[PDB]
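Q: To start, I am sharing the structure in question, which I have written as structure tokens.
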Amino acid sequence: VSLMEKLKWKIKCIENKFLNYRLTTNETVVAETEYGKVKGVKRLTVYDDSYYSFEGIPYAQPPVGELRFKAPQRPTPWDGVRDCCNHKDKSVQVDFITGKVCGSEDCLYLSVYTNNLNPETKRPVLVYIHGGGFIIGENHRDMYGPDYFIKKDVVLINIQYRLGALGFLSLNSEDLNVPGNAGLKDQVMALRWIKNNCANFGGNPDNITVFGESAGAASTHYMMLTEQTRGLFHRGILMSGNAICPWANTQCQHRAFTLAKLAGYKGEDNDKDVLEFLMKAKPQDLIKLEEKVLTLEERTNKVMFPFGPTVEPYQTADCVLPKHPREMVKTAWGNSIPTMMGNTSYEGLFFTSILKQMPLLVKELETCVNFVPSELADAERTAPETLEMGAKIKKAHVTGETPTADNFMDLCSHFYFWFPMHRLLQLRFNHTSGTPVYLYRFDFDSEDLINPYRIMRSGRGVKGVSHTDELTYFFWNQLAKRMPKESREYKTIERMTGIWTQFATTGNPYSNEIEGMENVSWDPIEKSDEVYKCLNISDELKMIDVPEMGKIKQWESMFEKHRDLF
């Protein structure tokens, strides 16, 4: 990231700190938890609303020392009053703006927000799980501010969880107790806390909604797939992701050694000696080197992250993913809660930055063999059957004689997002009680209000609704400003937060009390639908057939001779 966006972000970071002190009140308050009393503070928003803020509530023991790479344990309760008027640190990660490592291994906290501690009725509880490919992200208010949601009468909860290798190291040897998915086991434990403690903040423990974007969506989906969370919540919203996306799981048991070797380990490849090294390595060294773990072959086969959710090699007490996600959908309790899913209208536009550095990637669409789903493709991607699959993909996105960047970014939309959504809906249909799933499509374009992800994807002055463009309408962030209430941007905040809280409340996203929705007939998807219907969200709200459908059926036809793997 550029020297300009570094000094520019440095200034916004200094401004957000002064604004944050300014928007603080003196009204501290104490709430109960099952671990003891916690002290929050009331804060202000730039729209002159206010809310109660409880930050840095631990939901697990600090995962340092001998708990590193280990599943989380419950924290130690306290007497007295724990100070919760400040944020704790984020998980150790690479700062996308600077390139420097920041964060700390002491990162397992959640934040709670509400406009009213003592409501006259129990409120819907909303749990946001941030994305960031399981390697970046946080629950700080400079990125995920609760300002838009607290206009509504809900309880909003932002969780944190272990990222990267600290979150997802996985070793085969059953003796060392590092099955993997520690970061997801964090998410489970925080859900258990929210279940037992939301009532103390006015929430309804029997009306809990979990949602997230990107990696947060996959996390959300995993929380719906695993037995460990059964019955903990009641609604799910999957924004631009799920657990059968190709980027949302990996077998990384062999990559620990590679990581150890990059960090200066001397010795052989057995798990015990690898673990001992990594256990005493400085945290910021391991995080800094993750970028170098993936082999050139793995990058070629579109492996995106070296560490991440994985099928655990053996089963233990807190096991989360004992089988491949496709298999877990067949029994998932979460199939029987109300679900909303959606994408933006140009997901792949996120990859503009990557293309700017690697223009050679556009040539991959000459055959598209690299984008054939890995379970169908051959190792070298040279088999004639793989060249045949690649051709089907090619027909779907290359519009002219030579592939372009736009063709590329359009392909990505489907490879990483639309095709996975489709496979999930069809899988779920064969294994569900018949609870509704609602689709949306986010199509609202605006340069007048943005979020930090647009600095990373180099989305400065770029038309189209990229992946993460919608976060701007859910959360306040240090790049936001007060919008006139009649602006299209402001209306979209109102609509977006309106629909989400409405779905949270009733398991149905339709409300005639939301502006623009008077002609809307939002029907859920049926198994007998050949075509998907989605609420298209733009300047106007309109029900439509999903425009990506034809290309989705193209990708599906790759599995013509292999229908078992669909």
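Identifiers in this document derive from the order of the structure tokens: chains are assigned A, B, ..., residues are numbered from 1 separately in each chain, and ligands are numbered from 1 in order of occurrence.
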Got a sec: who's within 9 Å of residue 75 in chain A, counting only C-alpha atoms, leaving out chain neighbours fewer than 5 positions off, as a short mmCIF file (atom, residue, chain, number, x, y, z; two decimals) with N, CA, C and O atoms, in the first residue's frame?

A:
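So out_31.cif came out as:
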```cif
data_model
loop_
_atom_site.label_atom_id
_atom_site.label_comp_id
_atom_site.auth_asym_id
_atom_site.auth_seq_id
_atom_site.Cartn_x
_atom_site.Cartn_y
_atom_site.Cartn_z
N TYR A 35 -19.36 -14.17 34.73
CA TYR A 35 -17.98 -14.12 35.18
C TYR A 35 -17.73 -12.95 36.11
O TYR A 35 -16.64 -12.81 36.66
N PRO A 58 -13.75 -10.37 28.05
CA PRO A 58 -13.10 -11.64 27.71
C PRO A 58 -14.11 -12.77 27.66
O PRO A 58 -15.00 -12.85 28.50
N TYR A 59 -13.99 -13.66 26.69
CA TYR A 59 -14.91 -14.78 26.66
C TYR A 59 -14.13 -16.09 26.75
O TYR A 59 -14.70 -17.18 26.86
N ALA A 60 -12.80 -15.95 26.69
CA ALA A 60 -11.89 -17.06 26.89
C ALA A 60 -10.63 -16.58 27.61
O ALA A 60 -10.33 -15.39 27.60
N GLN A 61 -9.93 -17.51 28.24
CA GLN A 61 -8.59 -17.28 28.74
C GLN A 61 -7.68 -16.75 27.63
O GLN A 61 -7.81 -17.19 26.48
N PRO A 62 -6.77 -15.81 27.96
CA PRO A 62 -5.72 -15.38 27.01
C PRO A 62 -4.96 -16.59 26.49
O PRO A 62 -4.46 -17.34 27.32
#
```

Q: Would you pick out the contacts of range 528-537 of chain A at 6 Å or less, using only C-alpha atoms, so that residues sharing its chain but fewer than 3 positions from it are not included, and give the list as a PDB file with N, CA, C and O atoms, in the first residue's frame?

A:
```
ATOM      1  N   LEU A 439     -32.745 -14.788  -0.634  1.00  0.00           N
ATOM      2  CA  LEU A 439     -31.596 -14.236  -1.340  1.00  0.00           C
ATOM      3  C   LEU A 439     -31.721 -12.732  -1.521  1.00  0.00           C
ATOM      4  O   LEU A 439     -32.813 -12.209  -1.727  1.00  0.00           O
ATOM      5  N   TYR A 440     -30.591 -12.039  -1.434  1.00  0.00           N
ATOM      6  CA  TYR A 440     -30.531 -10.645  -1.810  1.00  0.00           C
ATOM      7  C   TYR A 440     -29.356 -10.461  -2.729  1.00  0.00           C
ATOM      8  O   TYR A 440     -28.458 -11.284  -2.778  1.00  0.00           O
ATOM      9  N   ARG A 441     -29.354  -9.351  -3.435  1.00  0.00           N
ATOM     10  CA  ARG A 441     -28.236  -8.975  -4.271  1.00  0.00           C
ATOM     11  C   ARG A 441     -27.969  -7.489  -4.032  1.00  0.00           C
ATOM     12  O   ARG A 441     -28.862  -6.654  -4.207  1.00  0.00           O
ATOM     13  N   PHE A 442     -26.757  -7.158  -3.612  1.00  0.00           N
ATOM     14  CA  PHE A 442     -26.452  -5.780  -3.270  1.00  0.00           C
ATOM     15  C   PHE A 442     -25.834  -5.055  -4.455  1.00  0.00           C
ATOM     16  O   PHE A 442     -24.744  -5.392  -4.904  1.00  0.00           O
ATOM     17  N   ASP A 443     -26.532  -4.028  -4.921  1.00  0.00           N
ATOM     18  CA  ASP A 443     -26.276  -3.412  -6.217  1.00  0.00           C
ATOM     19  C   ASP A 443     -26.228  -1.883  -6.081  1.00  0.00           C
ATOM     20  O   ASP A 443     -26.447  -1.148  -7.049  1.00  0.00           O
ATOM     21  N   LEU A 541     -35.547  -0.792  -4.706  1.00  0.00           N
ATOM     22  CA  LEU A 541     -35.587  -2.208  -4.356  1.00  0.00           C
ATOM     23  C   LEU A 541     -36.542  -2.960  -5.264  1.00  0.00           C
ATOM     24  O   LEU A 541     -37.711  -2.591  -5.370  1.00  0.00           O
ATOM     25  N   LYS A 542     -36.057  -4.035  -5.881  1.00  0.00           N
ATOM     26  CA  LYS A 542     -36.824  -4.757  -6.893  1.00  0.00           C
ATOM     27  C   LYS A 542     -36.533  -6.259  -6.840  1.00  0.00           C
ATOM     28  O   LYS A 542     -35.383  -6.657  -6.757  1.00  0.00           O
ATOM     29  N   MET A 543     -37.570  -7.091  -6.872  1.00  0.00           N
ATOM     30  CA  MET A 543     -37.374  -8.538  -6.938  1.00  0.00           C
ATOM     31  C   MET A 543     -36.992  -8.919  -8.367  1.00  0.00           C
ATOM     32  O   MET A 543     -37.591  -8.426  -9.309  1.00  0.00           O
ATOM     33  N   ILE A 544     -35.981  -9.768  -8.530  1.00  0.00           N
ATOM     34  CA  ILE A 544     -35.562 -10.200  -9.861  1.00  0.00           C
ATOM     35  C   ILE A 544     -35.043 -11.630  -9.864  1.00  0.00           C
ATOM     36  O   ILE A 544     -34.704 -12.191  -8.820  1.00  0.00           O
ATOM     37  N   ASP A 545     -34.998 -12.219 -11.054  1.00  0.00           N
ATOM     38  CA  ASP A 545     -34.246 -13.439 -11.269  1.00  0.00           C
ATOM     39  C   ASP A 545     -32.779 -13.096 -11.157  1.00  0.00           C
ATOM     40  O   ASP A 545     -32.344 -12.077 -11.687  1.00  0.00           O
ATOM     41  N   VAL A 546     -32.022 -13.926 -10.454  1.00  0.00           N
ATOM     42  CA  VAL A 546     -30.601 -13.701 -10.310  1.00  0.00           C
ATOM     43  C   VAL A 546     -29.948 -13.698 -11.689  1.00  0.00           C
ATOM     44  O   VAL A 546     -29.997 -14.695 -12.391  1.00  0.00           O
TER      45      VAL A 546
END
```

Q: Would you list the contacts of range 308-325 of chain A as number ranges by chain, taking every protein, DNA or RNA residue within 6 Å and counting only C-alpha atoms, but skipping same-chain residues closer than 6 positions in sequence?

A: A: 168, 172, 179-181, 226, 249-251

Q: Take the residues just selected and output them with C-alpha atoms as a tab-separated table (two decimals), in the first residue's frame.

A:
```tsv
chain	number	residue	atom	x	y	z
A	168	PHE	CA	-5.55	-22.34	12.49
A	172	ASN	CA	-1.52	-34.75	12.49
A	179	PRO	CA	-6.16	-30.65	15.63
A	180	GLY	CA	-6.68	-27.23	14.05
A	181	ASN	CA	-9.55	-24.72	13.80
A	226	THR	CA	-21.08	-27.87	13.67
A	249	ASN	CA	-11.08	-24.50	4.01
A	250	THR	CA	-7.68	-26.06	3.37
A	251	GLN	CA	-5.62	-29.09	4.41
```

Q: Extract, using only C-alpha atoms, all DNA, RNA and protein residues at most 12 Å from residue 449 in chain A, discarding same-chain residues fewer than 4 positions from it, and format them as a PyMOL selection string.

A: chain A and resi 444-445+454+460-461+469-484+487-490+492-493

Q: Can you write just those residues out, N, CA, C and O atoms, as a CSV table (one decimal), in the first residue's frame?

A:
```
chain,number,residue,atom,x,y,z
A,444,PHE,N,-26.0,-1.4,-4.9
A,444,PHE,CA,-26.0,0.0,-4.7
A,444,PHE,C,-24.6,0.6,-4.8
A,444,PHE,O,-23.7,0.4,-3.9
A,445,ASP,N,-24.3,1.4,-5.8
A,445,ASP,CA,-23.0,2.0,-6.1
A,445,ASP,C,-22.9,3.4,-5.6
A,445,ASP,O,-23.7,4.3,-5.8
A,454,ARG,N,-11.7,-0.5,0.6
A,454,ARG,CA,-11.5,0.2,-0.7
A,454,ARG,C,-10.1,0.7,-0.9
A,454,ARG,O,-9.7,1.1,-2.0
A,460,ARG,N,-10.2,3.0,-5.2
A,460,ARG,CA,-10.3,4.5,-5.4
A,460,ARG,C,-10.7,4.9,-6.9
A,460,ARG,O,-10.0,4.6,-7.8
A,461,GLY,N,-11.9,5.5,-7.0
A,461,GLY,CA,-12.4,6.0,-8.3
A,461,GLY,C,-12.6,4.8,-9.2
A,461,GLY,O,-12.1,4.8,-10.4
A,469,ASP,N,-18.2,-3.7,-0.4
A,469,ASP,CA,-18.7,-2.3,-0.6
A,469,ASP,C,-19.9,-2.1,0.3
A,469,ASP,O,-20.3,-0.9,0.5
A,470,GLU,N,-20.6,-3.1,0.7
A,470,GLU,CA,-21.8,-3.0,1.5
A,470,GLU,C,-21.6,-2.8,3.0
A,470,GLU,O,-22.5,-2.3,3.7
A,471,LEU,N,-20.5,-3.2,3.5
A,471,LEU,CA,-20.1,-3.0,4.9
A,471,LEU,C,-20.3,-1.5,5.3
A,471,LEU,O,-20.7,-1.2,6.4
A,472,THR,N,-20.1,-0.6,4.4
A,472,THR,CA,-20.2,0.8,4.6
A,472,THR,C,-21.6,1.2,5.0
A,472,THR,O,-21.8,2.3,5.6
A,473,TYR,N,-22.6,0.4,4.8
A,473,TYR,CA,-24.0,0.7,5.0
A,473,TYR,C,-24.5,0.0,6.2
A,473,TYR,O,-25.7,0.2,6.6
A,474,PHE,N,-23.6,-0.8,6.9
A,474,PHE,CA,-24.0,-1.4,8.1
A,474,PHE,C,-23.2,-0.8,9.3
A,474,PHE,O,-23.8,-0.7,10.4
A,475,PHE,N,-22.0,-0.5,9.1
A,475,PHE,CA,-21.1,0.0,10.1
A,475,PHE,C,-20.5,1.3,9.8
A,475,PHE,O,-20.1,1.6,8.7
A,476,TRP,N,-20.4,2.1,10.9
A,476,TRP,CA,-19.5,3.3,10.9
A,476,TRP,C,-18.0,2.9,10.9
A,476,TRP,O,-17.7,1.9,11.5
A,477,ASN,N,-17.2,3.7,10.3
A,477,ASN,CA,-15.8,3.5,10.3
A,477,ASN,C,-15.1,4.8,10.2
A,477,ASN,O,-15.7,5.8,9.8
A,478,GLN,N,-13.8,4.9,10.5
A,478,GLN,CA,-13.1,6.2,10.6
A,478,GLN,C,-12.9,7.0,9.3
A,478,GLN,O,-12.3,8.0,9.2
A,479,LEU,N,-13.5,6.4,8.2
A,479,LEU,CA,-13.5,7.1,6.9
A,479,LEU,C,-14.9,7.6,6.5
A,479,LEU,O,-15.1,8.1,5.4
A,480,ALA,N,-15.8,7.4,7.5
A,480,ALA,CA,-17.2,7.8,7.2
A,480,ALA,C,-17.5,9.3,7.7
A,480,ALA,O,-16.6,9.9,8.4
A,481,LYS,N,-18.6,9.8,7.3
A,481,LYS,CA,-19.0,11.1,7.7
A,481,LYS,C,-20.5,11.2,7.8
A,481,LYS,O,-21.2,10.3,7.3
A,482,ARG,N,-21.0,12.2,8.4
A,482,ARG,CA,-22.5,12.4,8.5
A,482,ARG,C,-23.0,12.7,7.1
A,482,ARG,O,-22.6,13.6,6.4
A,483,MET,N,-24.1,12.0,6.7
A,483,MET,CA,-24.7,12.1,5.4
A,483,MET,C,-26.1,12.8,5.6
A,483,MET,O,-26.8,12.6,6.6
A,484,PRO,N,-26.4,13.7,4.7
A,484,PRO,CA,-27.7,14.3,4.7
A,484,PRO,C,-28.8,13.2,4.8
A,484,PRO,O,-28.5,12.2,4.1
A,487,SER,N,-30.1,11.9,1.4
A,487,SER,CA,-29.2,11.3,0.5
A,487,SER,C,-29.5,9.8,0.2
A,487,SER,O,-30.0,9.1,1.0
A,488,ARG,N,-29.1,9.4,-1.0
A,488,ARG,CA,-29.3,8.0,-1.4
A,488,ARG,C,-28.4,7.1,-0.4
A,488,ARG,O,-28.9,6.0,0.0
A,489,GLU,N,-27.2,7.6,0.0
A,489,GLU,CA,-26.4,6.8,0.9
A,489,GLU,C,-27.1,6.6,2.2
A,489,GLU,O,-27.1,5.5,2.8
A,490,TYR,N,-27.7,7.7,2.8
A,490,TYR,CA,-28.4,7.6,4.1
A,490,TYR,C,-29.6,6.7,4.0
A,490,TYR,O,-29.8,5.8,4.9
A,492,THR,N,-29.9,4.1,2.1
A,492,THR,CA,-29.5,2.8,2.0
A,492,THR,C,-29.0,2.2,3.4
A,492,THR,O,-29.2,1.1,3.7
A,493,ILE,N,-28.5,3.1,4.2
A,493,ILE,CA,-28.2,2.7,5.6
A,493,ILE,C,-29.4,2.2,6.3
A,493,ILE,O,-29.5,1.1,6.8
```

Q: Pick out the closest residue to residue 254 in chain A from this set: A:540, A:295, A:565, A:357. Count only C-alpha atoms.

A: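 The answer is A:295, which sits nearest to residue 254 in chain A.
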
Q: Calculated over only C-alpha atoms, which of the candidates A:402, A:435, A:458, A:382 has the smallest distance to residue 355 in chain A?

A: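 Between A:402, A:435, A:458, A:382, the residue approaching residue 355 in chain A most closely is A:458.
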
Q: For residue 330 in chain A, work out the shell of residues within 10 Å, counting only C-alpha atoms and skipping chain neighbours fewer than 2 positions away, then give it as a PyMOL selection string.

A: chain A and resi 225+325-328+332-333+335+427-432

Q: Taking into account only C-alpha atoms, which residue in the set A:84, A:462, A:361, A:3 is nearest to residue 299 in chain A?

A: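 Closest to residue 299 in chain A, using only C-alpha atoms: A:361.
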
Q: Quick one: contact table of range 188-265 of chain A to range 94-108 of chain A, 12 Å max, nearest atom pair and distance in Å to one decimal per residue, counting only C-alpha atoms, chain and number order, as CSV?

A:
```
residue,atom,partner,partner_atom,distance
A:188,CA,A:108,CA,11.8
A:189,CA,A:108,CA,9.9
A:190,CA,A:108,CA,8.6
```

Q: I need the chosen residues saved as a short mmCIF file (atom, residue, chain, number, x, y, z; two decimals), in the first residue's frame, with N, CA and C atoms.

A:
```
data_model
loop_
_atom_site.label_atom_id
_atom_site.label_comp_id
_atom_site.auth_asym_id
_atom_site.auth_seq_id
_atom_site.Cartn_x
_atom_site.Cartn_y
_atom_site.Cartn_z
N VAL A 188 -17.05 -20.43 18.64
CA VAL A 188 -18.01 -21.22 19.42
C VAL A 188 -18.10 -20.72 20.86
N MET A 189 -16.97 -20.58 21.53
CA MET A 189 -16.99 -20.22 22.94
C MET A 189 -17.65 -18.86 23.17
N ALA A 190 -17.42 -17.91 22.26
CA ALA A 190 -18.05 -16.59 22.32
C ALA A 190 -19.57 -16.69 22.10
#
```

Q: Can you list, as a PyMOL selection string, every protein, DNA or RNA residue that comes within 10 Å of range 119-126 of chain A when you count only C-alpha atoms, leaving out same-chain residues fewer than 2 positions away?

A: chain A and resi 112-117+128-129+149+153-158+194-195+198-199+201-211+233-236+500-506

Q: Residues of the last selection are to be written out with N, CA and C atoms, as a CSV table (one decimal), in the first residue's frame.

A:
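Printed below is result-v8.csv as written:
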```csv
chain,number,residue,atom,x,y,z
A,112,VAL,N,-20.1,-5.3,23.3
A,112,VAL,CA,-21.6,-5.3,23.3
A,112,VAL,C,-22.2,-3.8,23.2
A,113,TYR,N,-23.2,-3.6,22.4
A,113,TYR,CA,-23.8,-2.3,22.3
A,113,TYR,C,-25.3,-2.3,22.2
A,114,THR,N,-25.9,-1.2,22.7
A,114,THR,CA,-27.4,-1.1,22.8
A,114,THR,C,-27.7,0.3,23.2
A,115,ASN,N,-28.9,0.8,22.7
A,115,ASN,CA,-29.3,2.2,23.0
A,115,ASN,C,-30.0,2.3,24.3
A,116,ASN,N,-30.2,1.1,24.9
A,116,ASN,CA,-31.1,1.0,26.1
A,116,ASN,C,-30.8,-0.3,26.9
A,117,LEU,N,-30.2,-0.1,28.1
A,117,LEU,CA,-29.8,-1.3,28.9
A,117,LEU,C,-31.0,-1.9,29.5
A,128,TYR,N,-22.1,-10.0,15.1
A,128,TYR,CA,-21.3,-9.9,13.9
A,128,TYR,C,-20.0,-10.5,14.0
A,129,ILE,N,-19.7,-11.4,13.0
A,129,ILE,CA,-18.4,-12.0,12.9
A,129,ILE,C,-17.6,-11.4,11.7
A,149,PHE,N,-26.6,0.7,13.6
A,149,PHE,CA,-27.5,-0.3,14.2
A,149,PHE,C,-28.2,0.1,15.4
A,153,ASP,N,-33.7,-0.9,17.7
A,153,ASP,CA,-33.8,-1.4,19.1
A,153,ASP,C,-33.3,-2.9,19.2
A,154,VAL,N,-32.0,-3.0,19.0
A,154,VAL,CA,-31.4,-4.3,19.1
A,154,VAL,C,-30.2,-4.3,20.0
A,155,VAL,N,-29.6,-5.4,20.3
A,155,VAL,CA,-28.4,-5.6,21.0
A,155,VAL,C,-27.3,-6.1,20.0
A,156,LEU,N,-26.3,-5.3,19.7
A,156,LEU,CA,-25.3,-5.7,18.7
A,156,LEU,C,-24.0,-6.1,19.3
A,157,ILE,N,-23.5,-7.2,18.9
A,157,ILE,CA,-22.3,-7.8,19.5
A,157,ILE,C,-21.2,-8.2,18.4
A,158,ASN,N,-20.0,-7.5,18.6
A,158,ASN,CA,-18.9,-7.8,17.7
A,158,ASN,C,-17.9,-8.7,18.4
A,194,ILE,N,-22.5,-15.4,24.7
A,194,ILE,CA,-23.6,-14.6,24.2
A,194,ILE,C,-24.9,-15.2,24.6
A,195,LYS,N,-25.0,-16.5,24.4
A,195,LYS,CA,-26.2,-17.2,24.8
A,195,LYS,C,-26.5,-17.1,26.3
A,198,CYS,N,-26.5,-12.4,27.2
A,198,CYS,CA,-27.1,-11.4,26.5
A,198,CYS,C,-28.3,-10.8,27.3
A,199,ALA,N,-29.0,-11.6,28.0
A,199,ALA,CA,-30.1,-11.2,28.8
A,199,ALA,C,-29.7,-10.0,29.7
A,201,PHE,N,-28.0,-7.6,29.2
A,201,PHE,CA,-27.8,-6.4,28.4
A,201,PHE,C,-29.1,-6.1,27.7
A,202,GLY,N,-30.2,-6.8,28.1
A,202,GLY,CA,-31.5,-6.6,27.6
A,202,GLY,C,-31.8,-7.4,26.3
A,203,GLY,N,-30.9,-8.3,25.9
A,203,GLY,CA,-31.2,-9.1,24.8
A,203,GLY,C,-32.1,-10.3,25.1
A,204,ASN,N,-32.7,-10.8,24.0
A,204,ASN,CA,-33.5,-12.0,24.1
A,204,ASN,C,-32.7,-13.3,23.8
A,205,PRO,N,-32.4,-14.1,24.8
A,205,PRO,CA,-31.6,-15.3,24.5
A,205,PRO,C,-32.2,-16.3,23.6
A,206,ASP,N,-33.5,-16.1,23.3
A,206,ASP,CA,-34.2,-17.0,22.4
A,206,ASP,C,-34.4,-16.4,21.0
A,207,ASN,N,-33.8,-15.3,20.8
A,207,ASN,CA,-33.8,-14.6,19.4
A,207,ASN,C,-32.5,-14.0,19.1
A,208,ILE,N,-31.6,-14.9,18.7
A,208,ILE,CA,-30.2,-14.5,18.4
A,208,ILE,C,-29.9,-14.7,17.0
A,209,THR,N,-29.4,-13.7,16.3
A,209,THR,CA,-28.9,-13.8,14.9
A,209,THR,C,-27.4,-13.6,14.8
A,210,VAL,N,-26.8,-14.5,14.0
A,210,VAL,CA,-25.4,-14.4,13.8
A,210,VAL,C,-25.2,-14.1,12.3
A,211,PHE,N,-24.3,-13.1,12.0
A,211,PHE,CA,-24.0,-12.8,10.6
A,211,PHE,C,-22.6,-12.4,10.4
A,233,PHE,N,-28.3,-20.3,18.4
A,233,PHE,CA,-29.0,-19.1,17.8
A,233,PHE,C,-30.1,-19.6,16.9
A,234,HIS,N,-30.7,-18.6,16.1
A,234,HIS,CA,-32.0,-18.8,15.6
A,234,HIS,C,-32.2,-18.3,14.2
A,235,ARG,N,-31.2,-17.4,13.7
A,235,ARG,CA,-31.2,-16.9,12.4
A,235,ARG,C,-29.8,-16.8,11.9
A,236,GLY,N,-29.5,-16.9,10.6
A,236,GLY,CA,-28.2,-16.7,10.1
A,236,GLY,C,-28.2,-15.8,8.8
A,500,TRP,N,-32.1,-6.1,8.0
A,500,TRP,CA,-31.3,-7.0,8.8
A,500,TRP,C,-32.0,-7.1,10.2
A,501,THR,N,-32.4,-6.0,10.8
A,501,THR,CA,-33.0,-6.1,12.1
A,501,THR,C,-34.4,-6.7,12.0
A,502,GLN,N,-35.0,-6.6,10.9
A,502,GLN,CA,-36.4,-7.1,10.6
A,502,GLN,C,-36.3,-8.7,10.5
A,503,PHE,N,-35.3,-9.1,9.7
A,503,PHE,CA,-35.0,-10.5,9.6
A,503,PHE,C,-34.6,-11.2,11.0
A,504,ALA,N,-33.7,-10.5,11.7
A,504,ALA,CA,-33.3,-10.8,13.0
A,504,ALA,C,-34.5,-11.0,13.9
A,505,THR,N,-35.5,-10.1,13.9
A,505,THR,CA,-36.7,-10.2,14.7
A,505,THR,C,-37.6,-11.4,14.4
A,506,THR,N,-37.9,-11.5,13.1
A,506,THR,CA,-39.0,-12.4,12.7
A,506,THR,C,-38.6,-13.6,11.8
```

Q: For each of A:419, A:54, A:277, A:134, take the minimum atom-to-atom distance to residue 213 in chain A, counting only C-alpha atoms, then give the residue where this is smallest.

A: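 Checking each candidate against residue 213 in chain A, we get A:134 as the closest.
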
Q: Excluding same-chain residues fewer than 2 positions from residue 26 in chain A, what lies within 8 Å of it counting only C-alpha atoms, as a PDB file with C-alpha atoms, in the first residue's frame?

A:
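New file selection_29.pdb:
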```
ATOM      1  CA  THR A  24     -17.453   9.759  24.941  1.00  0.00           C
ATOM      2  CA  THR A  28     -20.509   4.728  33.145  1.00  0.00           C
ATOM      3  CA  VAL A  41     -19.606   3.765  28.949  1.00  0.00           C
ATOM      4  CA  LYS A  42     -22.210   5.661  26.928  1.00  0.00           C
TER       5      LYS A  42
END
```

Q: At most 12 Å is the cut-off: for each residue in range 138-250 of chain A with any atom that close to an atom of range 258-267 of chain A, write down the nearest atom pair and the distance in Å rounded to one decimal, counting only C-alpha atoms, chain first then increasing number, as a tab-separated table.

A:
```
residue	atom	partner	partner_atom	distance
A:164	CA	A:259	CA	11.7
A:165	CA	A:259	CA	8.9
A:166	CA	A:259	CA	11.7
A:169	CA	A:259	CA	9.9
A:170	CA	A:259	CA	11.7
```

Q: What are the nearest atom pairs, with distances in Å to one decimal, for all residues of range 56-83 of chain A that come at most 12 Å from range 279-283 of chain A, using only C-alpha atoms, set out by chain and rising residue number as CSV?

A:
```
residue,atom,partner,partner_atom,distance
A:63,CA,A:279,CA,11.6
A:64,CA,A:279,CA,9.4
A:65,CA,A:279,CA,7.4
A:66,CA,A:279,CA,7.5
A:67,CA,A:279,CA,9.2
A:68,CA,A:279,CA,6.8
A:69,CA,A:279,CA,8.1
A:70,CA,A:279,CA,10.4
```

Q: May I have the selected residues written with N, CA and C atoms, as a short mmCIF file (atom, residue, chain, number, x, y, z; two decimals), in the first residue's frame?

A:
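Saved the output as result-v7.cif:
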```
data_model
loop_
_atom_site.label_atom_id
_atom_site.label_comp_id
_atom_site.auth_asym_id
_atom_site.auth_seq_id
_atom_site.Cartn_x
_atom_site.Cartn_y
_atom_site.Cartn_z
N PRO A 63 -4.90 -16.78 25.16
CA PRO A 63 -4.38 -18.02 24.58
C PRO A 63 -2.87 -17.97 24.34
N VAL A 64 -2.15 -17.53 25.36
CA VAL A 64 -0.71 -17.36 25.31
C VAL A 64 0.03 -18.54 25.93
N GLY A 65 1.35 -18.58 25.72
CA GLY A 65 2.17 -19.59 26.34
C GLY A 65 1.81 -20.99 25.88
N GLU A 66 1.39 -21.82 26.83
CA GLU A 66 1.08 -23.21 26.54
C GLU A 66 -0.35 -23.40 26.00
N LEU A 67 -1.11 -22.32 25.86
CA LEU A 67 -2.43 -22.44 25.23
C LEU A 67 -2.36 -22.01 23.77
N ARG A 68 -1.19 -21.54 23.34
CA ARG A 68 -1.03 -21.13 21.96
C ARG A 68 -1.26 -22.34 21.03
N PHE A 69 -2.05 -22.11 19.96
CA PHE A 69 -2.50 -23.12 19.01
C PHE A 69 -3.51 -24.09 19.65
N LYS A 70 -3.82 -23.89 20.92
CA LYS A 70 -4.71 -24.82 21.59
C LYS A 70 -6.11 -24.26 21.55
#
```

Q: Report the residues of range 355-548 of chain A whose backbone DSSP state falls under alpha helix (DSSP H), written as a ChimeraX atom specification.

A: /A:355-357,384-397,405-412,419-429,453-456,488-506

Q: What does the distance between CA of residue 302 in chain A and CA of residue 411 in chain A come to in Å, to one decimal place?

A: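 A separation of 13.0 Å between them.
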